[PDB]
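Step one of this worksheet: look at the structure below.
Every number here is computed from the coordinates shown, using simple stated rules; none is lab data. Neighbour counts run over all protein chains shown; Cβ positions are idealised from the backbone, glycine included.
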Amino acid sequence: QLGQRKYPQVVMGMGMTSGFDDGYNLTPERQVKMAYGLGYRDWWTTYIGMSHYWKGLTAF
Amino acid sequence: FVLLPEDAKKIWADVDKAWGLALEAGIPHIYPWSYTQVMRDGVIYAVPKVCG
Amino acid sequence: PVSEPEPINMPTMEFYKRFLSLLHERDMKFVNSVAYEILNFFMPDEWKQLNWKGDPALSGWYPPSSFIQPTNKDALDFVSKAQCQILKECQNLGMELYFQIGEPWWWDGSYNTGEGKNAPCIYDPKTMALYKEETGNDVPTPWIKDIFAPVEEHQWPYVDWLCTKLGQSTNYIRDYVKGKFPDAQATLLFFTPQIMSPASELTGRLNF
Amino acid sequence: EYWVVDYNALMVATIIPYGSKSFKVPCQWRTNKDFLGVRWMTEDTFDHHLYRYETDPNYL
């Protein structure tokens with residue numbers, strides 16, 4: 001077991017905006033719970049990735 | 001918008017001032033732009049000290 | 001890429017399936033947004049906006065990324081079909097639909113863009129054919145080399161046509177999404193400093 | 001819930017947990033040089049300062 005800090009914060013009545021290109025590596029479970037704990041409760045806006053959502057392939 | 005970490009305490013200082021104008025303006029929904037920049041800089045909402 | 005119904009790959013869809021599930025537990029609504037910017041390496045060559053020297057529009061990010069021409073109906077369908085795929089998951093979870101049009105913009109090289117330092121990417125050959133077909137007027141010459149340079153008087157009729165055509169593209173995507181999602185809510189992101197203080201007279205008149 | 005992933009920019013991969021001690025990593029392969037790396041970080045460099053965990057390089 002490893003020690004960890006977990007201090008919930010009072011809600012300031014604001015939403016959170018995030019980008020997919022900056023959150024693909026992190027699991028969705030860790031991102032949502034962390035942001036929710038800080039106090040962002042009502043709204044969420046996610047900008048789709050620029051080069052990580054569409055299908056594609058490489059060829060000669 | 002902050003981007004560079006070196007300008008965090010500088011840009012975020014003006015961020016709070018803009019928030020007060022938005023609260024004065026009565027904007028119903030206000031969000032920070034980047035989740036990544038919020039966690040990278042570690043911004044919090046605390047009451048300013050009454051010391052001065 | 002034209003007949004493909006779902007333009008979004010499986011791993012991205014899986015991430016949002018779990019991501020939207022957590023949001024519903026927290027009872028916070030979700031807003032989606034897709035832009036016109038796709039990776040230049042994978043972008044089709046017939047969708048990139050071309051400047052007066054044929055160089056496709058590029059971004060400051062590395063790897064460079066290009067933008068689609070709003071006059072291309074096929075390009076608009078690809079972007080619009082991305083919105084419905086994501087919004088379909090929201091209806092499955094019982095959420096309400098919210099989508100955003102991401103940065104409708106005729107590229108102009110506002111910042112450094114390599115060789116196209118300030119060259120507008122508004123001279124696509126397909127766009128010229130469409131302009132001639134419906135307006136009848138000839139494309140003004142010479143082509144704009146720099147946005148900051150003063151604009152000749154005969155250049156305006158083509159500029160106004162481009163500005164109007166951009167509005168149709170935004171309207172077309174909105175109608176397409178609401179065609180299958182009647183209760184969906186539409187929105188748009190506005191850049192206030194650009195509206196009030198455009199980089200040049202051509203920039204404000206064309207991209208607004 | 002704390003594992004992270006990293007890979008070449010020419011492929012797409014995400015990490016999603018599905019159990020108490022299990023997780024899945026869907027991915028798409030496009031090039032021969034694709035290299036997906038699922039890694040566990042000794043130190044925390046993504047979470048908030050109030051949500052970081054203790055760092056310990058001793059795994060004996």
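Only residues that are among the aromatic types (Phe, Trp, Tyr) and crowded, with 21+ Cβ neighbours inside 10 Å: list them for the stretch C:96-130, please. Hits for the stretch C:96-130 are C:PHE99, C:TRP106, C:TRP107. When the stretch C:164-208 is filtered for residues that are of a type outside the set (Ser, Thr, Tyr), loosely packed, with under 13 Cβ neighbours inside 10 Å and part of a loop (DSSP other than H, G, I, E, B), the ones remaining, listed by number, are C:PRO182, C:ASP183, C:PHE190, C:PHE191.
In the stretch D:26-49, the residue that is farthest from the other protein chains (Cβ to nearest Cβ) out of those that are surrounded by 16 or more Cβ atoms within 10 Å (Cβ to Cβ) and under 16 Å from A:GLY3 (Cβ atoms) is D:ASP44. The single condition among (1) within 13 Å of chain A (Cβ to nearest Cβ); (2) within 30 Å of B:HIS29 (Cβ to Cβ) that C:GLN91 does not meet is (1). Exactly one of (1) facing chain B (nearest Cβ under 7 Å); (2) part of a loop (DSSP other than H, G, I, E, B); (3) within 12 Å of the chain's Cα centre (by Cα) is unmet by A:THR17. Its number? Answer for A:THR17: the failing condition is (2). If the condition is being crowded, with 18+ Cβ neighbours inside 10 Å, at the interface with chain C (Cβ under 9 Å from one of its Cβ atoms) and farther than 22 Å from C:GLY102 by Cβ, then the stretch A:33-48 contributes only A:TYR36.
Scanning the stretch C:93-131 for residues that are of a type outside the set (A, V, I, L, M, F, W, C) and in a helix (DSSP H, G or I) yields C:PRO125, C:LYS126, C:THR127, C:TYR131.
Per-residue answers, yes or no, for (1) among the small types (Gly, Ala, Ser); (2) more than 10 Å from chain B (Cβ to nearest Cβ); (3) outside any helix (DSSP H, G or I); (4) within 13 Å of C:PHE19 (Cα to Cα):
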{"site": "A:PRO8", "(1), (2), (3), (4)": "no, yes, yes, no"}
{"site": "A:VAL11", "(1), (2), (3), (4)": "no, no, yes, no"}
{"site": "A:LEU26", "(1), (2), (3), (4)": "no, no, yes, yes"}
{"site": "A:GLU29", "(1), (2), (3), (4)": "no, yes, no, yes"}
{"site": "A:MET50", "(1), (2), (3), (4)": "no, yes, yes, no"}
{"site": "A:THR58", "(1), (2), (3), (4)": "no, yes, yes, no"}
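Can you tell me which residue within the stretch B:16-52, out of those that are in a helix (DSSP H, G or I) and in contact (Cβ under 8 Å) with a residue 24 or more places away in the chain, is farthest from A:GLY49 (Cα to Cα)? The qualifying residue farthest from A:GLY49 (Cα to Cα) is B:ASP41.
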